[PDB]
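Student: If you read the sequence shown in PDB author numbering, its first letter stands for residue 1, the second for the next number, and so on.
Note that the Cβ used here is the ideal one computed from N, Cα and C, for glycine as well.
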Amino acid sequence: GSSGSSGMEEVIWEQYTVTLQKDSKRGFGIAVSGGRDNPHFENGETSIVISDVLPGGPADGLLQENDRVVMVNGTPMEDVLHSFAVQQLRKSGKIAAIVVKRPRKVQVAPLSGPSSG
């Protein structure tokens, strides 16, 4: 059933495709938590999310914490096992491509510019 024409305070989910380099050991300096069977997400989200982003590695900047992972090197991380998500990471030689999405609430900002001293 559906109440009717509804849709307010929506959110624009933008995707970000960044490439990470397998550092010495930390490699992609990232960690995944959750799973389609063990969604730690207190709320309940069967979507792999980065619960760790090496603040001093390759990830620091490219990716961020809570980066709803969607695809990885051409693999859907939606409704997948935690091991399945990491697998791709360990499989990726040294460079991997991850596509995460971030909630960009519908906001509006005026016109700004430089400032004096």
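Under the DSSP definition of a beta bridge, which residues are partnered with residue 2?
Tutor: In the DSSP output, where bridge partners are listed per residue, residue 2 has none listed.
Student: Within 10 Å of its beta-carbon, does residue 111 have 16 or more other beta-carbons around it, so buried, or fewer, so exposed?
Tutor: Around the beta carbon of residue 111, fewer than 16 other beta carbons lie within 10 angstroms, which makes this residue exposed.
Student: Grouping DSSP H, G and I as helix and E and B as strand, with all else coil, what is residue 90?
Tutor: helix
Student: What do you get for residue 8, buried or exposed, if any count of 16 or more other CB atoms within 10 angstroms of its CB means buried?
Tutor: exposed
Student: Can you give the Cα-Cα distance for residue 69 and residue 117, rounded to whole angstroms?
Tutor: 43 Å
Student: Just how far apart, CA to CA, sit residue 77 and residue 71?
Tutor: 5 Å
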